[PDB]
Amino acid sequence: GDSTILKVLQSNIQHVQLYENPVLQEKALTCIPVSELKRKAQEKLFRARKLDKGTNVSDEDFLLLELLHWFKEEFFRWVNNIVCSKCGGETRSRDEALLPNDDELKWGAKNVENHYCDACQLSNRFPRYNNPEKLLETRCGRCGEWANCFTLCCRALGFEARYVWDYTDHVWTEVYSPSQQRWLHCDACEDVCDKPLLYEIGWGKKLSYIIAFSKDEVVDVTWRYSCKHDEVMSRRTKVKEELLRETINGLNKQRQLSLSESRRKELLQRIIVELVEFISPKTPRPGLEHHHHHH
């Protein structure tokens, strides 16, 4: 477990349990316009269903697309550098970070950035809050904060949802579709759904490990986000595959001991779908797909 990757499995398992507090869930819903999100979703399903060309259904799937949209356009803002608190002007990052006074420790900030104003000769503090409850107040950050808060919200609305950690310093969410009987990629920071090749093929990222974390499961979902499986294998130099899989298997077995027989059985039937996806790498289409930039 002395590799960093195995240490982060443990931290993320813990962290994800936070979304299960029903008061935190309440408070999250205190923030979401849940009826209007659901009223708009009913309407798109109404019209989708007029032309039966629209098959299966999509319904809580339509709702999911309303959540992504609102979070991005109404709820949360991006931070590059915060404005100066004295003069309102631009600030610039100091390479040397600040130290979390005390209240910044209370809300899970280990890192605090110094956003300096030269005109005022003034340090402005940007804490990197890790407690999702704090983020429902601040409503801003970079993609850590966005994914953290968005995953809480999904769970608050009764979606099954994973917090997804990419070893190359990005994070996002996955949400289950009972209609389609599969997990869907969701990136709130980017307003994207069900486009898992965005990172490798759209951003040209060289991926290694992507691990999903939920109340029920830890899952190595790497293979969903790549069509260059050999290349990804060449960067998986951080831990033995054996040890990674035994650790995840161990953690699943341990954590699933307190679910029902029927539920464990369901999870097994679902895992067949994922694993078949993982041995079914897809074909990039940079000439066709707006978000595809690489062969």
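Start at 1 and count along the sequence shown; that's the residue number.
When the mean C-alpha temperature factors of 55 to 63 and 265 to 273 are read from the deposited coordinates, 55 to 63 comes out higher.
As recorded in the PDB entry, 44 to 52 is the stretch of 230 to 238 and 44 to 52 with the greater mean C-alpha temperature factor.
When the CA B factors of the chain's modelled residues are split into thirds, the value for residue 193 lands in the lowest one.
Compared with the other modelled residues of the chain, the Cα B-factor recorded for residue 224 ranks in the lowest third. Annotation for residue 141: CA B-factor lies in the lowest third of the chain's modelled residues.
Looking at the C-alpha B-factors along this chain, the one for residue 173 belongs to the middle third. The entry lists a Cα temperature factor for residue 82 that places it in the middle third of the chain's modelled residues.
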